[PDB]
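Pasted below: entry10.cif, mmCIF, C-alpha atoms and all ligand atoms; chains and numbers go by the auth columns.
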```cif
data_start
loop_
_atom_site.group_PDB
_atom_site.id
_atom_site.type_symbol
_atom_site.label_atom_id
_atom_site.label_comp_id
_atom_site.label_asym_id
_atom_site.label_seq_id
_atom_site.Cartn_x
_atom_site.Cartn_y
_atom_site.Cartn_z
_atom_site.B_iso_or_equiv
_atom_site.auth_seq_id
_atom_site.auth_asym_id
ATOM 1 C CA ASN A 1 123.247 27.843 -87.618 0.00 34 A
ATOM 2 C CA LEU A 2 120.381 26.774 -89.908 0.00 35 A
ATOM 3 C CA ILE A 3 119.146 24.499 -87.125 0.00 36 A
ATOM 4 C CA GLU A 4 119.626 27.249 -84.577 0.00 37 A
ATOM 5 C CA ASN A 5 117.521 29.624 -86.671 0.00 38 A
ATOM 6 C CA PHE A 6 114.826 26.969 -86.953 0.00 39 A
ATOM 7 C CA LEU A 7 114.653 26.750 -83.151 0.00 40 A
ATOM 8 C CA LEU A 8 114.646 30.559 -82.849 0.00 41 A
ATOM 9 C CA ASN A 9 111.437 30.722 -84.976 0.00 42 A
ATOM 10 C CA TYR A 10 109.873 27.583 -83.360 0.00 43 A
ATOM 11 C CA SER A 11 110.284 28.986 -79.827 0.00 44 A
ATOM 12 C CA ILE A 12 108.558 32.334 -80.585 0.00 45 A
ATOM 13 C CA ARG A 13 105.338 30.960 -79.058 0.00 46 A
ATOM 14 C CA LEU A 14 106.911 30.641 -75.573 0.00 47 A
ATOM 15 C CA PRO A 15 106.107 32.933 -72.552 0.00 48 A
ATOM 16 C CA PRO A 16 108.360 35.998 -71.846 0.00 49 A
ATOM 17 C CA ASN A 17 109.737 34.402 -68.692 0.00 50 A
ATOM 18 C CA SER A 18 110.457 30.724 -69.194 0.00 51 A
ATOM 19 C CA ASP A 19 113.143 28.042 -69.351 0.00 52 A
ATOM 20 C CA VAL A 20 111.932 24.995 -71.202 0.00 53 A
ATOM 21 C CA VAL A 21 113.077 21.902 -73.004 0.00 54 A
ATOM 22 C CA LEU A 22 111.431 21.419 -76.359 0.00 55 A
ATOM 23 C CA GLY A 23 111.107 17.994 -77.932 0.00 56 A
ATOM 24 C CA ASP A 24 110.001 17.430 -81.518 0.00 57 A
ATOM 25 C CA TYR A 25 111.039 15.897 -84.821 0.00 58 A
ATOM 26 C CA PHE A 26 113.536 18.717 -85.267 0.00 59 A
ATOM 27 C CA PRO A 27 116.075 18.795 -88.112 0.00 60 A
ATOM 28 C CA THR A 28 119.173 16.987 -86.947 0.00 61 A
ATOM 29 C CA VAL A 29 122.887 17.157 -87.564 0.00 62 A
ATOM 30 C CA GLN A 30 124.090 13.772 -88.828 0.00 63 A
ATOM 31 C CA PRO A 31 122.084 12.288 -91.821 0.00 64 A
ATOM 32 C CA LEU B 1 87.113 14.127 -40.788 0.00 677 B
ATOM 33 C CA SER B 2 90.907 14.707 -40.914 0.00 678 B
ATOM 34 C CA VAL B 3 92.215 15.874 -37.489 0.00 679 B
ATOM 35 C CA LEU B 4 95.970 15.237 -37.261 0.00 680 B
ATOM 36 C CA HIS B 5 97.966 15.834 -34.074 0.00 681 B
ATOM 37 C CA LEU B 6 101.695 16.280 -34.684 0.00 682 B
ATOM 38 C CA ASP B 7 104.806 15.992 -32.501 0.00 683 B
ATOM 39 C CA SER B 8 102.960 14.160 -29.742 0.00 684 B
ATOM 40 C CA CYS B 9 101.806 10.591 -28.952 0.00 685 B
ATOM 41 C CA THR B 10 98.470 9.863 -30.599 0.00 686 B
ATOM 42 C CA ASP B 11 95.957 7.104 -31.304 0.00 687 B
ATOM 43 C CA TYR B 12 95.676 7.253 -35.062 0.00 688 B
ATOM 44 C CA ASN B 13 93.506 5.926 -37.876 0.00 689 B
ATOM 45 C CA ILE B 14 95.180 6.759 -41.171 0.00 690 B
ATOM 46 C CA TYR B 15 93.558 5.539 -44.359 0.00 691 B
ATOM 47 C CA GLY B 16 92.252 2.513 -42.438 0.00 692 B
ATOM 48 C CA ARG B 17 95.511 1.748 -40.581 0.00 693 B
ATOM 49 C CA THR B 18 95.300 2.120 -36.818 0.00 694 B
ATOM 50 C CA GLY B 19 97.823 2.219 -33.969 0.00 695 B
ATOM 51 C CA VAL B 20 99.683 4.430 -31.492 0.00 696 B
ATOM 52 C CA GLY B 21 102.676 6.571 -32.326 0.00 697 B
ATOM 53 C CA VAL B 22 104.176 9.974 -32.943 0.00 698 B
ATOM 54 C CA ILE B 23 103.523 11.585 -36.281 0.00 699 B
ATOM 55 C CA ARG B 24 105.950 14.158 -37.631 0.00 700 B
ATOM 56 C CA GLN B 25 106.298 16.152 -40.798 0.00 701 B
ATOM 57 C CA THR B 26 109.337 15.225 -42.856 0.00 702 B
ATOM 58 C CA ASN B 27 111.232 17.093 -45.639 0.00 703 B
ATOM 59 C CA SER B 28 111.499 13.862 -47.759 0.00 704 B
ATOM 60 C CA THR B 29 109.968 13.346 -51.178 0.00 705 B
ATOM 61 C CA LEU B 30 108.299 10.230 -52.528 0.00 706 B
ATOM 62 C CA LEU B 31 106.450 10.668 -55.782 0.00 707 B
ATOM 63 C CA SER B 32 104.396 7.502 -55.779 0.00 708 B
ATOM 64 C CA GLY B 33 101.868 6.101 -53.370 0.00 709 B
ATOM 65 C CA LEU B 34 99.584 7.235 -50.588 0.00 710 B
ATOM 66 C CA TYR B 35 101.124 5.433 -47.626 0.00 711 B
ATOM 67 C CA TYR B 36 104.153 3.318 -46.779 0.00 712 B
ATOM 68 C CA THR B 37 104.453 0.283 -44.504 0.00 713 B
ATOM 69 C CA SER B 38 107.057 -2.069 -43.055 0.00 714 B
ATOM 70 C CA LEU B 39 107.735 -5.780 -43.499 0.00 715 B
ATOM 71 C CA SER B 40 105.745 -6.409 -40.299 0.00 716 B
ATOM 72 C CA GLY B 41 102.731 -4.546 -41.770 0.00 717 B
ATOM 73 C CA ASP B 42 103.142 -1.478 -39.545 0.00 718 B
ATOM 74 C CA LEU B 43 102.636 2.066 -40.827 0.00 719 B
ATOM 75 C CA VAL C 1 113.955 12.712 -89.377 0.00 230 C
ATOM 76 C CA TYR C 2 113.001 9.543 -87.520 0.00 231 C
ATOM 77 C CA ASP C 3 112.873 10.525 -83.849 0.00 232 C
ATOM 78 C CA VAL C 4 112.630 13.247 -81.201 0.00 233 C
ATOM 79 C CA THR C 5 115.501 15.605 -80.381 0.00 234 C
ATOM 80 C CA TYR C 6 115.617 17.838 -77.318 0.00 235 C
ATOM 81 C CA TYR C 7 116.792 21.460 -77.068 0.00 236 C
ATOM 82 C CA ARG C 8 116.861 23.816 -74.100 0.00 237 C
ATOM 83 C CA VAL C 9 115.487 27.305 -74.604 0.00 238 C
ATOM 84 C CA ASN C 10 116.296 30.119 -72.160 0.00 239 C
ATOM 85 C CA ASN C 11 114.174 33.245 -72.628 0.00 240 C
ATOM 86 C CA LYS C 12 115.215 35.049 -69.392 0.00 241 C
ATOM 87 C CA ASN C 13 118.139 37.077 -70.908 0.00 242 C
ATOM 88 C CA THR C 14 116.349 33.587 -76.536 0.00 245 C
ATOM 89 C CA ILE C 15 119.289 31.221 -76.164 0.00 246 C
ATOM 90 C CA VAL C 16 119.110 27.776 -77.726 0.00 247 C
ATOM 91 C CA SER C 17 121.370 24.981 -76.545 0.00 248 C
ATOM 92 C CA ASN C 18 121.770 21.186 -76.952 0.00 249 C
ATOM 93 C CA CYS C 19 120.363 18.805 -74.284 0.00 250 C
ATOM 94 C CA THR C 20 122.247 15.539 -74.818 0.00 251 C
ATOM 95 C CA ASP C 21 123.636 14.026 -71.596 0.00 252 C
ATOM 96 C CA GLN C 22 122.810 14.675 -67.924 0.00 253 C
ATOM 97 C CA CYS C 23 119.765 16.907 -68.665 0.00 254 C
ATOM 98 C CA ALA C 24 118.642 14.438 -71.342 0.00 255 C
ATOM 99 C CA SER C 25 118.176 12.064 -68.342 0.00 256 C
ATOM 100 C CA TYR C 26 115.515 14.241 -66.720 0.00 257 C
ATOM 101 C CA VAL C 27 113.152 15.060 -69.601 0.00 258 C
ATOM 102 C CA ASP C 28 113.601 12.265 -72.109 0.00 259 C
ATOM 103 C CA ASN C 29 110.538 10.138 -71.499 0.00 260 C
ATOM 104 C CA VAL C 30 110.122 8.652 -74.975 0.00 261 C
ATOM 105 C CA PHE C 31 111.403 5.420 -76.446 0.00 262 C
ATOM 106 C CA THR C 32 111.267 3.086 -79.391 0.00 263 C
ATOM 107 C CA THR C 33 109.067 0.128 -78.562 0.00 264 C
ATOM 108 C CA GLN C 34 110.767 -3.210 -79.112 0.00 265 C
ATOM 109 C CA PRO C 35 109.014 -6.158 -80.858 0.00 266 C
ATOM 110 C CA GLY C 36 106.700 -7.825 -78.370 0.00 267 C
ATOM 111 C CA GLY C 37 105.842 -4.434 -76.870 0.00 268 C
ATOM 112 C CA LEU C 38 108.860 -4.330 -74.613 0.00 269 C
ATOM 113 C CA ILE C 39 110.366 -1.246 -72.998 0.00 270 C
ATOM 114 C CA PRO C 40 114.155 -0.847 -73.659 0.00 271 C
ATOM 115 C CA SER C 41 116.457 -1.639 -70.742 0.00 272 C
ATOM 116 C CA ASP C 42 117.913 1.874 -70.806 0.00 273 C
ATOM 117 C CA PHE C 43 114.565 3.650 -70.329 0.00 274 C
ATOM 118 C CA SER C 44 114.440 6.138 -67.432 0.00 275 C
ATOM 119 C CA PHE C 45 110.777 5.622 -66.411 0.00 276 C
ATOM 120 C CA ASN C 46 110.653 9.245 -65.189 0.00 277 C
ATOM 121 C CA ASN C 47 106.845 9.462 -65.254 0.00 278 C
ATOM 122 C CA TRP D 1 87.636 -1.890 -65.455 0.00 426 D
ATOM 123 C CA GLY D 2 87.142 1.692 -64.271 0.00 427 D
ATOM 124 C CA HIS D 3 90.124 2.023 -61.955 0.00 428 D
ATOM 125 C CA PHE D 4 91.907 5.392 -61.900 0.00 429 D
ATOM 126 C CA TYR D 5 95.501 5.419 -60.784 0.00 430 D
ATOM 127 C CA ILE D 6 97.269 8.661 -59.937 0.00 431 D
ATOM 128 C CA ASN D 7 100.996 8.468 -59.253 0.00 432 D
ATOM 129 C CA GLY D 8 100.589 4.698 -58.914 0.00 433 D
ATOM 130 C CA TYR D 9 97.694 4.718 -56.416 0.00 434 D
ATOM 131 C CA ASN D 10 94.119 3.622 -57.027 0.00 435 D
ATOM 132 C CA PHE D 11 92.344 6.697 -55.699 0.00 436 D
ATOM 133 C CA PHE D 12 88.947 6.080 -57.246 0.00 437 D
ATOM 134 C CA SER D 13 86.867 3.930 -59.554 0.00 438 D
ATOM 135 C CA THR D 14 83.896 3.964 -61.932 0.00 439 D
ATOM 136 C CA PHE D 15 81.829 1.434 -63.840 0.00 440 D
ATOM 137 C CA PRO D 16 83.777 -0.548 -66.530 0.00 441 D
ATOM 138 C CA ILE D 17 84.770 1.675 -69.417 0.00 442 D
ATOM 139 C CA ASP D 18 84.426 0.884 -73.095 0.00 443 D
ATOM 140 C CA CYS D 19 85.684 4.228 -74.567 0.00 444 D
ATOM 141 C CA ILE D 20 87.463 7.326 -73.196 0.00 445 D
ATOM 142 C CA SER D 21 87.282 10.707 -74.879 0.00 446 D
ATOM 143 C CA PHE D 22 89.952 13.285 -74.151 0.00 447 D
ATOM 144 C CA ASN D 23 91.409 16.629 -75.370 0.00 448 D
ATOM 145 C CA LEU D 24 94.573 17.541 -73.393 0.00 449 D
ATOM 146 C CA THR D 25 97.242 20.132 -74.013 0.00 450 D
ATOM 147 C CA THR D 26 100.096 21.918 -72.259 0.00 451 D
ATOM 148 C CA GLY D 27 99.571 24.891 -74.549 0.00 452 D
ATOM 149 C CA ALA D 28 102.192 27.640 -74.575 0.00 453 D
ATOM 150 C CA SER D 29 104.314 26.019 -71.894 0.00 454 D
ATOM 151 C CA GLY D 30 106.129 24.110 -74.650 0.00 455 D
ATOM 152 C CA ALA D 31 106.168 20.893 -72.599 0.00 456 D
ATOM 153 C CA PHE D 32 106.083 17.412 -74.054 0.00 457 D
ATOM 154 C CA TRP D 33 104.574 14.179 -72.826 0.00 458 D
ATOM 155 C CA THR D 34 103.411 10.736 -73.925 0.00 459 D
ATOM 156 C CA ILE D 35 100.333 8.517 -74.046 0.00 460 D
ATOM 157 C CA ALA D 36 100.925 4.799 -73.760 0.00 461 D
ATOM 158 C CA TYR D 37 98.566 1.975 -74.589 0.00 462 D
ATOM 159 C CA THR D 38 99.560 -0.969 -72.458 0.00 463 D
ATOM 160 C CA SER D 39 98.761 -4.548 -71.461 0.00 464 D
ATOM 161 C CA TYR D 40 99.410 -6.561 -68.288 0.00 465 D
ATOM 162 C CA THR D 41 102.316 -8.992 -67.915 0.00 466 D
ATOM 163 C CA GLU D 42 104.445 -10.581 -65.217 0.00 467 D
ATOM 164 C CA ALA D 43 107.760 -8.853 -64.662 0.00 468 D
ATOM 165 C CA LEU D 44 110.547 -8.524 -62.125 0.00 469 D
ATOM 166 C CA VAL D 45 110.842 -4.910 -61.125 0.00 470 D
ATOM 167 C CA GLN D 46 113.568 -3.176 -59.161 0.00 471 D
ATOM 168 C CA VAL D 47 112.284 -0.259 -57.115 0.00 472 D
ATOM 169 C CA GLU D 48 114.164 2.544 -55.372 0.00 473 D
ATOM 170 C CA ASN D 49 112.632 5.552 -53.609 0.00 474 D
HETATM 171 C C1 LIG E . 108.146 17.220 -64.503 0.00 801 A
HETATM 172 O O1 LIG E . 108.633 17.676 -63.214 0.00 801 A
HETATM 173 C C2 LIG E . 109.960 17.162 -62.866 0.00 801 A
HETATM 174 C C3 LIG E . 110.280 17.563 -61.442 0.00 801 A
HETATM 175 O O2 LIG E . 109.251 17.171 -60.513 0.00 801 A
HETATM 176 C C4 LIG E . 111.009 17.609 -63.926 0.00 801 A
HETATM 177 O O3 LIG E . 112.292 16.979 -63.604 0.00 801 A
HETATM 178 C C5 LIG E . 113.361 17.913 -63.243 0.00 801 A
HETATM 179 O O4 LIG E . 114.185 18.323 -64.337 0.00 801 A
HETATM 180 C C6 LIG E . 115.180 19.307 -63.999 0.00 801 A
HETATM 181 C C7 LIG E . 115.878 19.727 -65.284 0.00 801 A
HETATM 182 O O5 LIG E . 114.913 20.320 -66.159 0.00 801 A
HETATM 183 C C8 LIG E . 116.199 18.803 -62.976 0.00 801 A
HETATM 184 O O6 LIG E . 117.085 19.877 -62.567 0.00 801 A
HETATM 185 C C9 LIG E . 118.498 19.546 -62.391 0.00 801 A
HETATM 186 O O7 LIG E . 118.891 19.585 -60.996 0.00 801 A
HETATM 187 C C10 LIG E . 120.303 19.171 -60.803 0.00 801 A
HETATM 188 C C11 LIG E . 120.589 19.165 -59.300 0.00 801 A
HETATM 189 O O8 LIG E . 121.572 18.185 -58.954 0.00 801 A
HETATM 190 C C12 LIG E . 121.253 20.133 -61.598 0.00 801 A
HETATM 191 O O9 LIG E . 122.618 19.734 -61.462 0.00 801 A
HETATM 192 C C13 LIG E . 120.853 20.085 -63.103 0.00 801 A
HETATM 193 O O10 LIG E . 121.680 20.973 -63.870 0.00 801 A
HETATM 194 C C14 LIG E . 119.368 20.521 -63.251 0.00 801 A
HETATM 195 O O11 LIG E . 119.180 21.868 -62.828 0.00 801 A
HETATM 196 C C15 LIG E . 115.421 18.251 -61.792 0.00 801 A
HETATM 197 O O12 LIG E . 116.318 17.574 -60.907 0.00 801 A
HETATM 198 C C16 LIG E . 114.328 17.275 -62.240 0.00 801 A
HETATM 199 N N1 LIG E . 113.609 16.791 -61.080 0.00 801 A
HETATM 200 C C17 LIG E . 113.184 15.536 -61.019 0.00 801 A
HETATM 201 C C18 LIG E . 113.801 14.595 -62.011 0.00 801 A
HETATM 202 O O13 LIG E . 112.349 15.173 -60.211 0.00 801 A
HETATM 203 C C19 LIG E . 110.538 17.115 -65.333 0.00 801 A
HETATM 204 O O14 LIG E . 111.449 17.592 -66.330 0.00 801 A
HETATM 205 C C20 LIG E . 109.128 17.671 -65.661 0.00 801 A
HETATM 206 N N2 LIG E . 108.560 17.145 -66.911 0.00 801 A
HETATM 207 C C21 LIG E . 108.906 17.364 -68.142 0.00 801 A
HETATM 208 C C22 LIG E . 108.182 16.674 -69.278 0.00 801 A
HETATM 209 O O15 LIG E . 109.778 18.186 -68.427 0.00 801 A
HETATM 210 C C1 LIG E . 96.990 18.633 -45.525 0.00 802 A
HETATM 211 O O1 LIG E . 97.578 19.735 -46.262 0.00 802 A
HETATM 212 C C2 LIG E . 96.685 20.888 -46.390 0.00 802 A
HETATM 213 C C3 LIG E . 97.300 21.908 -47.352 0.00 802 A
HETATM 214 O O2 LIG E . 98.485 22.533 -46.881 0.00 802 A
HETATM 215 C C4 LIG E . 96.354 21.438 -44.983 0.00 802 A
HETATM 216 O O3 LIG E . 95.398 22.522 -45.151 0.00 802 A
HETATM 217 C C5 LIG E . 95.800 23.876 -44.609 0.00 802 A
HETATM 218 O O4 LIG E . 95.880 23.898 -43.158 0.00 802 A
HETATM 219 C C6 LIG E . 96.222 25.247 -42.615 0.00 802 A
HETATM 220 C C7 LIG E . 96.332 25.180 -41.092 0.00 802 A
HETATM 221 O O5 LIG E . 95.072 25.113 -40.429 0.00 802 A
HETATM 222 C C8 LIG E . 95.136 26.280 -43.052 0.00 802 A
HETATM 223 O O6 LIG E . 95.465 27.583 -42.576 0.00 802 A
HETATM 224 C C9 LIG E . 95.071 26.306 -44.597 0.00 802 A
HETATM 225 O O7 LIG E . 94.049 27.221 -45.025 0.00 802 A
HETATM 226 C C10 LIG E . 94.714 24.887 -45.110 0.00 802 A
HETATM 227 N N1 LIG E . 94.703 24.916 -46.582 0.00 802 A
HETATM 228 C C11 LIG E . 93.620 24.562 -47.280 0.00 802 A
HETATM 229 C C12 LIG E . 93.619 24.612 -48.773 0.00 802 A
HETATM 230 O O8 LIG E . 92.592 24.173 -46.701 0.00 802 A
HETATM 231 C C13 LIG E . 95.668 20.307 -44.159 0.00 802 A
HETATM 232 O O9 LIG E . 95.356 20.785 -42.836 0.00 802 A
HETATM 233 C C14 LIG E . 96.624 19.072 -44.051 0.00 802 A
HETATM 234 N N2 LIG E . 95.841 17.935 -43.505 0.00 802 A
HETATM 235 C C15 LIG E . 96.072 17.550 -42.233 0.00 802 A
HETATM 236 C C16 LIG E . 95.195 16.398 -41.766 0.00 802 A
HETATM 237 O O10 LIG E . 96.862 18.066 -41.484 0.00 802 A
HETATM 238 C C1 LIG E . 115.806 17.570 -43.543 0.00 803 A
HETATM 239 O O1 LIG E . 116.212 18.381 -42.398 0.00 803 A
HETATM 240 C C2 LIG E . 117.420 17.870 -41.726 0.00 803 A
HETATM 241 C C3 LIG E . 117.681 18.751 -40.507 0.00 803 A
HETATM 242 O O2 LIG E . 116.940 18.295 -39.383 0.00 803 A
HETATM 243 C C4 LIG E . 118.617 17.858 -42.728 0.00 803 A
HETATM 244 O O3 LIG E . 119.780 17.318 -42.101 0.00 803 A
HETATM 245 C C5 LIG E . 118.240 16.971 -43.949 0.00 803 A
HETATM 246 O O4 LIG E . 119.317 16.974 -44.903 0.00 803 A
HETATM 247 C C6 LIG E . 116.962 17.545 -44.618 0.00 803 A
HETATM 248 N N1 LIG E . 116.555 16.668 -45.739 0.00 803 A
HETATM 249 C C7 LIG E . 116.016 17.162 -46.858 0.00 803 A
HETATM 250 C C8 LIG E . 115.606 16.235 -47.964 0.00 803 A
HETATM 251 O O5 LIG E . 115.856 18.383 -46.998 0.00 803 A
#
```
Using structure tokens, write down the structure from this file.
Amino acid sequence: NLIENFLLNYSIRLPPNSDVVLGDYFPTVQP
Amino acid sequence: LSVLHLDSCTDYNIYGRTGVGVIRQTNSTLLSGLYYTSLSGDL
Amino acid sequence: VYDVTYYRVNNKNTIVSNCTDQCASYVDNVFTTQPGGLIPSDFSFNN
Amino acid sequence: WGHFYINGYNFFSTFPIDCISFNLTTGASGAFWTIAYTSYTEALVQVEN
């Protein structure tokens, strides 16, 4: 959920009506 | 000029390629290129 | 973090979901370059 | 050498180019993309559609 929250803040900049795929050096789940 | 006559037999000159044939609009998609030819060199 | 990870964001309803398999094959256009400057054999070449 | 290719086709050309300046962004769309610096080589390529 920590990663989910990160994405929730990151995506604030998006338009009110959009479906996008975001690609970045996001925090991951394994290491 | 760019006058194109569709669904009829026409004498065409398309991007330098000439000949006689029937030109029709298709619903296909090809992302790359401007024009496509055959093994014989025909448009 | 060493590389790029993809997530899908739906703001129509924001819902965040993983993009790891079939959808990863439509937008993933980035790769690690191999020594010699070679493109990996599993690259999609989408663009 | 000044050749501009769009979707694989050489639509137009200019004089040989030493340097290219650019400032491109997708902005708020949240879209990603890449810039590749490449060189020519011989290769066998399989094409479909
Ligand atoms: C640049 O534009 C292309 C399209 O010209 C984008 O590719 C498209 O990506 C979407 C997914 O985001 C694909 O949709 C899929 O359709 C299938 C239908 O069988 C469905 O089952 C999947 O669930 C999904 O809805 C679409 O096919 C695909 N079109 C292509 C590959 O031509 C591309 O993502 C855009 N660029 C970037 C950087 O995102
Ligand atoms: C190539 O495609 C364009 C864009 O659809 C065609 O231009 C349109 O033609 C219709 C029919 O006369 C006009 O009502 C539109 O106003 C034109 N759009 C624009 C932006 O000019 C064009 O005719 C097609 N080329 C050929 C040779 O058929
Ligand atoms: C094009 O239209 C024909 C009907 O004449 C249809 O059978 C075919 O599947 C359509 N192709 C595409 C790509 O829409």
key: At most 12 Å from ligand LIG 803 (chain A) (only C-alpha atoms and all ligand atoms): residue list as a VMD selection string   = chain B and resid 700 to 706
Pull out every residue of chain C sitting within 12 Å of chain D, counting all atoms listed in the file, and send them as an mmCIF file with C-alpha atoms, in the coordinates of the input.
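Final file, selection.cif:
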```cif
data_model
loop_
_atom_site.group_PDB
_atom_site.id
_atom_site.type_symbol
_atom_site.label_atom_id
_atom_site.label_comp_id
_atom_site.auth_asym_id
_atom_site.auth_seq_id
_atom_site.Cartn_x
_atom_site.Cartn_y
_atom_site.Cartn_z
ATOM 1 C CA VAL C 233 112.630 13.247 -81.201
ATOM 2 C CA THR C 234 115.501 15.605 -80.381
ATOM 3 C CA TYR C 235 115.617 17.838 -77.318
ATOM 4 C CA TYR C 236 116.792 21.460 -77.068
ATOM 5 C CA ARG C 237 116.861 23.816 -74.100
ATOM 6 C CA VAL C 238 115.487 27.305 -74.604
ATOM 7 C CA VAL C 258 113.152 15.060 -69.601
ATOM 8 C CA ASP C 259 113.601 12.265 -72.109
ATOM 9 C CA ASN C 260 110.538 10.138 -71.499
ATOM 10 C CA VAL C 261 110.122 8.652 -74.975
ATOM 11 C CA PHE C 262 111.403 5.420 -76.446
ATOM 12 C CA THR C 263 111.267 3.086 -79.391
ATOM 13 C CA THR C 264 109.067 0.128 -78.562
ATOM 14 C CA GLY C 267 106.700 -7.825 -78.370
ATOM 15 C CA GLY C 268 105.842 -4.434 -76.870
ATOM 16 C CA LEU C 269 108.860 -4.330 -74.613
ATOM 17 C CA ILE C 270 110.366 -1.246 -72.998
ATOM 18 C CA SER C 272 116.457 -1.639 -70.742
ATOM 19 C CA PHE C 276 110.777 5.622 -66.411
ATOM 20 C CA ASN C 277 110.653 9.245 -65.189
ATOM 21 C CA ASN C 278 106.845 9.462 -65.254
#
```
key: Neighbour list for region 48-50 of chain A as a list in words, cut-off 10 Å, all atoms listed in the file, skip fewer than 6 positions in-chain   =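 Listed by chain and then number, they are residues 239, 240, 241, 242 and 245 of chain C; 453, 454 and 455 of chain D.
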query = So which residues get picked by the PyMOL selection byres (((chain A and resi 43) around 12) and not hetatm) here, written as a PyMOL selection string?
reply = (chain A and resi 36-42+44-47+55-60) or (chain C and resi 236+238+245+247) or (chain D and resi 453+455)
request  = Provide as a VMD selection string the residues of chain B at most 12 Å from chain D, counting only C-alpha atoms.
outcome  = chain B and resid 691 704 to 712
query = Evaluating the PyMOL selection byres (((not hetatm)) within 10 of (chain A and resi 802)) on the displayed file yields which residues, as a PyMOL selection string?
reply = chain B and resi 677-682+690+701
inquiry  = Using all atoms listed in the file, which protein or nucleic acid residues come within 12 Å of residue 693 (chain B)? Drop anything in the same chain fewer than 6 positions from it, and give the result as JSON, numbers by chain.
reply    = {"B": [687, 711, 712, 713, 717, 718, 719]}
